[PDB]
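Participant: Dumping the structure here so I can ask a few things about it.
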Amino acid sequence: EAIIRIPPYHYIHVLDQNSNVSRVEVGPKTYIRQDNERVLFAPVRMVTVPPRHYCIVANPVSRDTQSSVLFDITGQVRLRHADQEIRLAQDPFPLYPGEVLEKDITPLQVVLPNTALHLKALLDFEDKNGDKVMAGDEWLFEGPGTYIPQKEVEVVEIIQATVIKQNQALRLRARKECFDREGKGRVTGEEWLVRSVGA
Amino acid sequence: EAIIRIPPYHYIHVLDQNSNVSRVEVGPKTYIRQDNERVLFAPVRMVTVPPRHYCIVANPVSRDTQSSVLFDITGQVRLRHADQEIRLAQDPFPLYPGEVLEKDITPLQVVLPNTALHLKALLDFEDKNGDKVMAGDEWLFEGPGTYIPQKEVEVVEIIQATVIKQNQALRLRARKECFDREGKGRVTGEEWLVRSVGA
Amino acid sequence: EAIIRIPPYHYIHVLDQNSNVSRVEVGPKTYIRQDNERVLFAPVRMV
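These protein sequence lines map, in sequence, to chains QB, RB and Q. Per the deposited numbering, residue 5 is the first one in the first sequence, and the count goes up by one each step. Per the deposited numbering, residue 5 is the first one in the second sequence, and the count goes up by one each step. Per the deposited numbering, residue 5 is the first one in the third sequence, and the count goes up by one each step.
In structure tokens form, the structure reads like this:
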């Protein structure tokens with residue numbers, strides 16, 4: 005059917021069968037298609053993101069200074085084929101051609117007061133404070149709070165703080181050459197003891 | 005049938021099959037539909053809220069300064085796709101398009117004099133007094149009274165105050181680093197004793 | 005069919021089934037009709 009039935013917060017993709025340009029048409033409009041706006045898929049929901057949630061979209065659209073979705077000379081959208089994008093709470097964002105939802109809608113990542121996250125960088129990048137990060141650095145997201153799940157970082161594990169009662173101690177074994185809480189250099193495998201009470 | 009039979013406190017949804025605009029038509033009126041006001045569902049009751057009750061409506065309508073239901077340029081209602089809304093006692097409110105009743109009609113939440121509610125914030129928000137709240141803070145709704153059930157907070161559990169008779173005491177174990185009633189810093193797992201008589 | 009195929013020097017009549025208004029639509033345009041622009045007759049020559 006040449007008439008297409010797009011609800012107010014839905015969109016579809018149309019291919020220009022004369023110039024290969026795929027472009028997303030969003031409602032609200034009762035749209036008409038010739039065979040230069042050939043429909044690809046259905047007006048299906050195109051679900052949005054609830055507040056304090058996040059999504060990973062693969063091959064995102066390049067955005068200008070004003071965060072404007074860029075297009076090519078032919079009119080095709082400007083993608084980031086070698087990147088992803090983390091979408092936080094926002095409008096029912098349009099899925100431009102090539103933009104495939106890498107990881108679907110999901111709740112956020114909140115950490116308990118007495119736990120931590122093993123945040124390991126997968127690829128080289130610079131943090132918001134901007135000092136330096138290797139390709140494979142590991143740091144510890146601390147206690148009560150919430151992390152912003154990024155594409156350059158990965159949560160290796162959740163680490164529950166071990167309760168140390170009085171008249172007890174913890175035997176720590178370093179996996180790599182490093183320092184400790186007090187400032188004593190620890191070589192790999194050198195087991196030491198911490199007597200601090202608490203968690 | 006082109007004639008539609010809307011009782012005084014009922015409403016339905018009509019789609020404009022020319023511009024995709026879905027809009028709610030409320031009685032009282034014997035309404036007439038062309039194929040630009042195509043009916044979606046029945047004039048079924050559209051139940052209201054009794055006093056001192058609450059409902060959760062998903063994807064609520066955006067409201068202006070005068071709490072006016074906003075519409076888009078095309079005429080479609082302005083929703084909050086990434087939010088909910090708590091509706092207290094009021095008129096048989098109209099369910100605008102997209103507005104789906106997340107949680108149906110229910111009684112309120114009243115607390116016994118010797119019990120409390122474990123109110124944990126699920127998402128970051130600011131309370132009415134407006135000081136600060138984390139994404140995962142926990143506080144205790146106190147005894148005799150009634151809480152206003154919000155979307156940003158969750159009742160983890162109901163906690164009945166434990167009766168402490170004279171010549172008796174309670175062994176309290178802190179789950180996290182914190183303070184106590186008297187002002188003594190308690191580390192995780194450090195069991196202490198409270199000898200106050202009462203509940 | 006909701007899509008109507010009007011040659012450059014042809015025209016048809018459309019009735020607004022909501023207000024009875026009949027009005028002539030002339031090409032050239034590949035016109036679209038809802039049931040407020042109901043076509044009456046063909047795009048025939050109109051000599």
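For each residue, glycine too, the CB sits at the ideal point set by N, CA and C.
Tell me the rounded alpha-carbon separation between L144 of chain QB and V160 of chain QB.
Facilitator: A direct Cα-Cα distance of roughly 10 Å separates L144 of chain QB from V160 of chain QB.
Participant: For the putative contact between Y58 of chain RB and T110 of chain RB, defined by C-beta atoms under 8 Å, what is the C-beta separation to the nearest angstrom?
Facilitator: Confirmed, about 7 Å.
Participant: Run down chain QB in chain order and give the residues with a C-beta less than 9 Å from the C-beta of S26 of chain RB.
Facilitator: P11, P12, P32
Participant: Could you compute how far the alpha carbon of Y35 of chain QB sits from the alpha carbon of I10 of chain QB?
Facilitator: 7 Å
Participant: Helix, strand or coil for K180 of chain RB, going by three-state DSSP, please let me know.
Facilitator: The answer is coil: DSSP assigns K180 of chain RB none of H, G, I, E or B.
Participant: Taking all protein chains shown into account, decide if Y15 of chain Q is buried (16 or more other Cβ within 10 angstroms of its Cβ) or exposed.
Facilitator: Under the 10 Å beta carbon count, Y15 of chain Q is surrounded by fewer than 16 other beta carbons and is classified as exposed.
Participant: Taking the alpha-carbon of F75 of chain QB as reference, which of QB:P54, QB:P101, QB:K107, QB:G147 has the nearest alpha-carbon?
Facilitator: Relative to the Cα of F75 of chain QB, the nearest Cα in the group QB:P54, QB:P101, QB:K107, QB:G147 belongs to QB:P101.
Participant: Under 8 Å Cβ to Cβ from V25 of chain QB, same chain only, skipping five residues before and after it: list those, please.
Facilitator: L19, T78, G79, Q80
Participant: For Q38 of chain RB, go through chain Q and note every residue whose CB falls closer than 7 Å to its CB, in chain order.
Facilitator: Chain order gives the chain Q residues near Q38 of chain RB as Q21, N22, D39, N40, where near means a beta carbon separation below 7 Å.
Participant: Starting from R27 of chain QB, follow the beta strand (DSSP E) in both directions and report where the run begins and ends.
Facilitator: 26–30
Participant: What distance in whole Å lies between the Cβ atoms of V73 of chain RB and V65 of chain RB, which are believed to be in contact at a cut-off of 8 Å?
Facilitator: Contact check for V65 of chain RB and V73 of chain RB: beta-carbon distance about 5 Å, within the 8 Å limit, so the pair qualifies.
Participant: Tell me which same chain residues have a C-beta within less than 7 Å of the C-beta of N40 of chain QB, skipping the five on either side of it?
Facilitator: So the qualifying residues of the chain are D20, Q21, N22.
Participant: Give the secondary structure of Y13 of chain RB by DSSP, where H, G and I count as helix, E and B as strand, and everything else as coil.
Facilitator: For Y13 of chain RB, the three-state secondary structure derived from DSSP is coil.
Participant: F129 of chain QB and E156 of chain QB look like a contact to me (Cβ under 8 Å); what is the Cβ gap, rounded to whole Å?
Facilitator: 4 Å
Participant: Once the 5 residues before and after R177 of chain RB are set aside, which same chain residues still bring their CB inside 7 Å of it?
Facilitator: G193, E195
Participant: Is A6 of chain QB close to chain Q? Criterion is C-beta to C-beta, closer than 7 Å.
Facilitator: yes
Participant: Within 7 Å of any Cβ in chain RB, is that where the Cβ of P117 of chain QB sits?
Facilitator: yes
Participant: Could you check if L44 of chain Q is buried or exposed, using at least 16 other CB atoms within 10 Å of its CB as the buried criterion?
Facilitator: Its Cβ having fewer than 16 others within 10 Å, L44 of chain Q is exposed.
Participant: Sorted by chain position, which residues of the same chain lie with C-beta nearer than 7 Å to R42 of chain RB's C-beta, five sequence neighbours on each side aside?
Facilitator: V18, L19, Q21
Participant: In the DSSP assignment, what residue or residues form a beta bridge with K124 of chain RB?
Facilitator: RB:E142, RB:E158
Participant: Using DSSP's beta-bridge definition, name the partner residues of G149 of chain RB.
Facilitator: RB:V115
Participant: DSSP three-state label for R42 of chain Q, please.
Facilitator: strand
Participant: Which residue wins for smallest C-alpha separation from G202 of chain QB, given the options QB:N171, QB:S71, QB:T69?
Facilitator: QB:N171
Participant: Let me know the secondary structure DSSP gives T34 of chain Q once reduced to three states.
Facilitator: strand
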